[PDB]
Amino acid sequence: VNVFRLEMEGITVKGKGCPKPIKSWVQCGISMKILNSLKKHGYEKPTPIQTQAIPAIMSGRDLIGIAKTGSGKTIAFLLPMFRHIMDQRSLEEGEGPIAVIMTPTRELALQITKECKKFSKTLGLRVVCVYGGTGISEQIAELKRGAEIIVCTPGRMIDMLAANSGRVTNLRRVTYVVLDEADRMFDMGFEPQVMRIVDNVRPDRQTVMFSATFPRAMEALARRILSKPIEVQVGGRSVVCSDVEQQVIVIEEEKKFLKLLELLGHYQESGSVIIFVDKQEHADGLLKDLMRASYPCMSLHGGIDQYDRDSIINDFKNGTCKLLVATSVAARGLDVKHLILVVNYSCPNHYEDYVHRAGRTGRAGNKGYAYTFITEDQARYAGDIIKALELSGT
Amino acid sequence: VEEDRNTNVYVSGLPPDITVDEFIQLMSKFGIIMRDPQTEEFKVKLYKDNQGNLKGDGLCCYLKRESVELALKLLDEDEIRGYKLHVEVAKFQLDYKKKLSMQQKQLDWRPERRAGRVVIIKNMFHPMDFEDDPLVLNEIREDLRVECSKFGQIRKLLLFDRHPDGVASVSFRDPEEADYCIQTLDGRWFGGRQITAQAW
RNA sequence: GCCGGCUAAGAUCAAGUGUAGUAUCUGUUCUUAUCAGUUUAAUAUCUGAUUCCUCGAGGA
């Protein structure tokens, strides 16, 4: 029932027919060797980019993932590919790899080969040992004995394809095409080499691309080579609106009412504002304290009747009530043009309620103000609030 | 409640043409003036009328109490060029530790003397690459500025586009940040060439 | 410092801040192991070599 909490963690997902992210590597549909390598490497919890890319690579569809530096994109490209190679074994033909990994640098290709050897440890699968600027005879002797994956340079791959040392057959040769640092491969320098690498490939083969940054033109150039791609970045799915300004202040539980009274008294946050509370009795007490302080305020919660809540909503929409106290039920789905300010005095336990409270004000391209009071008790939601502020650009 | 430990002094009567700077000089003659910790602007107030008119009264708070008792027996009944001032303990009727410790350290007795901040980078670029690329020099300068901003506050950054060795100067506010940038830039690769860093 | 101990007794490696100078803070790690060489007043440091048990996993 907590499938929405994995998507709210902050992982923009785009595409049709996207599988659910896995919580751990033990229930991700991986083989025994990949799980043994993950247990030997010391991975207790998987990365969110890895949890978004591993079912997309296990399902057999094209995926394009973007994340920060050092997030584990090489392991996220090597582990489901090795799991699909171990689960669906094929005949190791001559001079034909089952996977093609493209790296723009020789040191990056050597690091990808070392990561693939560490992910395929305690097994007979040796992928590749080749780099640019070295002896081609040793690389040909290493590739002639058997090659599972092909992680090298595009120039070395073009030289191997021109000298008939390595190529992709038409019927069944490779099933996955990995592209590490796809922003550099889609540039003007590596365009015809990547075009000749993608042209001489099998028709029934998946294409994977991973990079730290991704421009619009590079993504538009890379989307033409894939067939129905699935995008995975951060953050978009269940994220806060960028048009509404978010503000977080560190105050106590008793000082929150004084901060709200100072924002209503000194600043212009009293009129046309929606105040989110934790419970209905606390919202009624805050509404009574606002009405006792010579300020017109209305309240809408589950403890009140439906007609009184409708009258309070009509008074907030018409302009009769300056402030409107509401619970978490009115945070999502409410589309009021008068709600310009969103005062979150009580922080919710879930980030989706805070995202719905921030998105309730300043919609349809308009600006908005959102001020939330962060306390010491909401320490678990502070990381989610920081991730939402980093995704929204606040 | 606080009877003494009052570091505020009240200057009864002043020339109606008193500026703030002459007043803070008068007050700094008798010790260090406490500064508002969040900001600059020493804690000195010139009391004013309903208008620009100068009532002629002044308030000044001091770091210590001995400076108050100094101003009491040296400024009271003493004439500035025209007028007769009066000095009295101020009457009141109706972040923190960081700057407190700094103002305290303004009274130190630490050893002076000693020696009594520019990093030079070489082998970073070439003039031949800027002849057919007018946007490569600005991108290299922006990359050098983004590299120098992570080590400290860069006050001045220049790049010699006509030097055959690729000379660049990065002047920061502190020599420790320049030494850290020279330690992090020595032996590093930039644009396929090994660039070197030295002090100035 | 308290009544031999509760790891505030030391070294170190990366980054930040800042001074004319000294410095200040965070992550750390700390070999729990042996032998040979360097070295140290002695440590230190550096330079190299070195299957069993438990419930596919962990420890040695």
Side-chain angles (χ1 to χ4, degrees), chain A residues 29 42 46 70 72 80 124 212 379 382-383, chain B residues 32 35-40 63 95-112 115-116 152 175 178 187 197 199:
Chain B
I32 310 272
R35 214 185 297 259
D36 226 318
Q38 323 290 59
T39 173
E40 277 128 350
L63 243 181
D95 258 339
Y96 33 93
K97 179 259 285 211
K98 248 289 279 184
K99 268 80 153 212
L100 264 185
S101 35
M102 314 319 248
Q103 317 233 15
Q104 292 313 307
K105 297 185 48 209
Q106 229 163 357
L107 320 155
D108 219 20
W109 292 115
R110 58 166 153 265
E112 297 179 0

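Here is the naming used below: chain letters follow the sequence lines, and residue numbers restart at 1 for every chain. Scope of the values below: all heavy atoms of this structure, side chains included, with no hydrogens, waters or symmetry mates.
With both pairing distances under 3.5 Å, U54(C) is matched to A57(C) as a Watson-Crick or G-U wobble pair. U19(C) is unpaired under the criterion used here, namely a Watson-Crick or G-U wobble arrangement in which both key atom distances are under 3.5 Å. With a cut-off of 3.5 Å on both Watson-Crick or G-U wobble distances, the partner of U28(C) is given as none. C3(C): no Watson-Crick or G-U partner with both key distances under 3.5 Å is found in any strand.
Taking syn as a glycosidic angle within 90° of 0, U28(C) does not qualify and is anti.
Applying the side chain to side chain contact (heavy atoms under 4.5 Å, CB included) test to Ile32(B) and every residue at least two apart in sequence or in another chain returns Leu63(B), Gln106(B), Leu107(B). Shown here are the side-chain hydrogen bond (donor to acceptor under 3.5 Å, both in side chains) partners of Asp108(B), two or more places apart in sequence or in another chain: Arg110(B).
Consecutive residues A8(C) and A9(C) do not stack, lacking base ring centres under 5.5 Å apart with planes under 30°. For the strand neighbours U32(C) and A33(C), base stacking is absent under the 5.5 Å centre-distance and 30-degree plane-angle rule. With a 5.5 Å centre cut-off and a 30° plane cut-off, the bases of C25(C) and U26(C) come out stacked.
Summarising the geometry, the separation between CG on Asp108(B) and P on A20(C) is reported as 13 Å, rounded to the nearest angstrom. Across the protein-nucleic acid pair, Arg110(B) atom CZ and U24(C) atom P stand 14 Å apart, rounded to whole Å. The separation between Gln106(B) atom CD and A20(C) atom P is 14 Å, rounded to whole Å. Note: CE (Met102(B)) to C1' (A23(C)) measures 12 Å, nearest angstrom.
Taking atom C1' on both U28(C) and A15(C), the two are 11 Å apart, rounded to the nearest angstrom. Taking the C1' atoms as reference points, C52(C) lies 35 Å from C46(C), given to the whole Å. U40(C) and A44(C) have their P atoms separated by 14 Å, given to the nearest Å. On the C1' atoms, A36(C) is 24 Å away from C30(C), given to the nearest whole Å. Annotation: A20(C) and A41(C) have their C1' atoms spaced 38 Å apart (nearest Å). Separation of the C1' atoms belonging to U19(C) and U34(C) is 48 Å when rounded to the nearest angstrom. For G5(C) and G18(C), the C1' atoms lie 41 Å apart once the distance is rounded to whole Å. Rounded to a whole angstrom, the distance from the P atom of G58(C) to that of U39(C) is 44 Å.
A canonical Watson-Crick pair (purine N1 to pyrimidine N3 plus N6-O4 or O6-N4) or a G-U wobble (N1-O2 and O6-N3), each contact under 3.5 Å, is present between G48(C) and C35(C). For the criterion of Watson-Crick or G-U wobble pairing, both bonds shorter than 3.5 Å, the nucleotides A8(C) and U51(C) do not count as partners. Nucleotides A36(C) and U47(C) are base-paired: the Watson-Crick or wobble atom pairs both lie closer than 3.5 Å.
Between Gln103(B) atom CD and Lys98(B) atom NZ the span is 11.0 Å, to the nearest 0.5 Å.
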